[PDB]
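Numbering (this note's numbering), first residue to last: 2 to 168.
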Ligand SMILES: CN(CCC(=O)O)c1ncnc2[nH]ccc12
């Protein structure tokens, strides 16, 4: 048993809810929250800017030190950093950004990072402002992630569309 509440069960291991991932993280304090990162860990908008703002910019300070030491992530890659006041850990995962021209086949590689963690609170990757079809992103998630994933879908109307269209 875990602390996640009000999720619809899609599969053996994937759950979904209409929720702000920031508010969900603050309430649950999960072991792992996933950030929808870019390779530079520049947290400007969407999940990254919202998560970073909720940490009072501590996520960005930590991320800048990580990049100064290690250089950029790969598209499809990840790193584990602090969860600050939101979670024990933040798994920063880089899905492909369609609005920058990246290979959508890299979305599966991105979701494979989740399999290194038993339980995660996460957003849909590569959708929203990254520009991918969220219905596709949910299908890749279900077909790739084997660990227990709790998906927070910010957009109300999209949540309803994802549930109604789920196969
Ligand atoms: C943007 N995005 C993913 C798109 C969606 O889920 O519709 C988010 N996902 C979950 N929580 C969030 N808080 C702020 C944004 C945000």
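Note that the Cβ used here is the ideal one computed from N, Cα and C, for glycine as well.
What does the Cβ neighbour count give for residue i, buried or exposed, with the cut at 16 atoms within 10 Å?
{"i": "residue 24", "result": "exposed"}
{"i": "residue 58", "result": "exposed"}
{"i": "residue 1", "result": "The question about residue 1 has no answer here: the residues shown for the chain are numbered 2 through 168."}
{"i": "residue 168", "result": "exposed"}
{"i": "residue 36", "result": "buried"}
{"i": "residue 79", "result": "buried"}
{"i": "residue 2", "result": "exposed"}
{"i": "residue 77", "result": "buried"}
{"i": "residue 127", "result": "buried"}
{"i": "residue 61", "result": "buried"}
{"i": "residue 114", "result": "buried"}
{"i": "residue 64", "result": "buried"}
{"i": "residue 7", "result": "exposed"}
{"i": "residue 53", "result": "buried"}
For the beta strand (DSSP E) that residue i lies in, which residues bound it at each end?
{"i": "residue 151", "result": "149-154"}
{"i": "residue 92", "result": "90-94"}
{"i": "residue 79", "result": "79-83"}
{"i": "residue 123", "result": "120-123"}
Could you please give the first and the last residue of the uninterrupted alpha helix (DSSP H) stretch that includes residue i?
{"i": "residue 34", "result": "No alpha helix (DSSP H) contains residue 34, which is instead part of the beta strand (DSSP E) from 33-37."}
{"i": "residue 15", "result": "No alpha helix (DSSP H) contains residue 15, which is instead part of the beta strand (DSSP E) from 15-19."}
{"i": "residue 26", "result": "22-29"}
{"i": "residue 51", "result": "47-55"}
{"i": "residue 163", "result": "157-166"}
{"i": "residue 107", "result": "107-113"}
{"i": "residue 62", "result": "59-71"}
{"i": "residue 139", "result": "135-145"}
Kindly confirm or deny that the region 105-113 and the region 130-142 touch, where touching means at least three C-beta pairs closer than 8 Å.
yes
Lining residues of ligand 1 - beta-carbon closer than 5 Å to any non-hydrogen atom, in sequence order:
21, 22, 47, 48, 51, 124, 129, 153, 154, 155, 156 and 159
Does the pairing of the region 33-51 with the region 67-80 give three or more beta-carbon distances under 8 Å?
yes
Is the region 8-15 close to the region 76-95, with three or more CB pairs under 8 Å?
no
Kindly confirm or deny that the region 156-166 and the region 26-35 touch, where touching means at least three C-beta pairs closer than 8 Å.
no
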